[PDB]
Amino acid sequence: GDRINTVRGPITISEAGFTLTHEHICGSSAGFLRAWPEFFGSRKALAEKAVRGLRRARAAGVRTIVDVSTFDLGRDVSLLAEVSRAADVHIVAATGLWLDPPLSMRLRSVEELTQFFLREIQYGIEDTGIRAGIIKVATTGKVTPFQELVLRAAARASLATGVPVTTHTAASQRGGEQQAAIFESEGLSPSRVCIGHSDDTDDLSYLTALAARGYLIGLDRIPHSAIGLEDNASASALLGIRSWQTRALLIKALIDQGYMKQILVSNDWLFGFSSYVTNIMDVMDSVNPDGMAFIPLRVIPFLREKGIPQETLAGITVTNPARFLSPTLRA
C-alpha cells in the first residue's frame, strides 16, 4: 500500500525514483542459466556485464528497474539480487508466465496457476525469500486457451495482493483488447494493468481507447527499431523497420490527448539472451549501444526538444511507475 518489494527487500514508494518498468537482466529459460552458464561465457561474465549496464543506467538517472522475466524466461532472482546490490539499482522481480511454459506449467488449471503466482508474491521465489512485485503475462493472436488461463490467474493473484499486471501482446493485432476483456471479466481494475509492446504499432486510436479505459500503456520497445538490418533473417521479427523517433512520438501523442498519467516507458533491454538465435546479443548491442540508458539518454531529450515539459517527463518516469507498482486494491 506504501511499500514495493524488490530483490533486496521492501522499499518505500519515494525510494523508487526514475523507474524503467519493463526490462530484463537475462532472457533465458527455466533452469538454463544454472545448467549452461558457459552459454553466456560464464555466470560471472553475465553478472559483470549487467552490473556495468545498470551502473550506466544509474548514471543516466535510473534508480529502479522492473525485471519482467518470469519463471519460463529463466528468471534467476539470485542473479538479480547480486547485480542489484553491486550496481545500487533497485530491481523489482516478476511472477507470471511468458510464451514458453514447460509441460508442468501448461497442464495446470487456473486455480493451480493462481497458487503458483501467489506463492511467488506472498511467500517468495524459490527458497530465496525474495517476493515478486509484478505479474507478467504474454499472449499471441486472439489469446489461446492456456493464455486465457494465465491471464485469469494473474488477475486473481493481483486481486488478492494488490500487485499490478503487465502484458506482452501483438500490438499489430490490437491484442490488448482481448486481454482487457478477460481482465475486466475477472473484476480487475484497468489501473492495475499495463498493456505493453504497445509501441509495436502506429494505431493511436487503439492506444487512446485503452488509456481512456484507465489502462496503463507500455511504450516499452522504443530502441527495438534497428534500421539497416534487412540482410538479417531474424532482426526484423525481433527488431524494427521504423525509427525509434517514430515510436517515441507516440509518447507525445498520448500526452497531448490528456493521458500522460497512463504512460509507462522502458527499453525492453537485456544483458544476455539465450531464448533466441546464437549471437543475438552482439546484434542488439551494436544496434543500441546505450542499452538500458537509451530511454534517459535519447528518448527523454528527444521529447524535451519536442516541447514536453520537465514536470511531465518526471510524471511519466517517476510518478506513473510509483502509482503502478504500489500495491493497491482501490481503483
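Residues carry their position along the shown sequence, with the first being 1.
On average the C-alpha atoms of 279-287 have higher B-factors than those of the other stretch, with 32-40 and 279-287 being the two compared. Just going by the entry, 124-132 versus 200-208 on mean CA temperature factor gives the higher value to 200-208.
Within the listed group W244, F71, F146, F117, the record reports its top CA B-factor for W244. Per the PDB entry, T140 shows the highest C-alpha temperature factor of the residues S109, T140, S84, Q179. The deposited CA B-factor of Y259 belongs to the highest third of values across its chain. Per-chain ranking of the deposited C-alpha B factor places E48 in the middle third. For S234, the recorded CA B-factor ranks within the highest third of the chain. Only modelled residues enter the ranking. Ranked by C-alpha B-factor against the other modelled residues of its chain, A171 falls in the highest third. Among all modelled residues in its chain, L297 ranks in the highest third by Cα B-factor.
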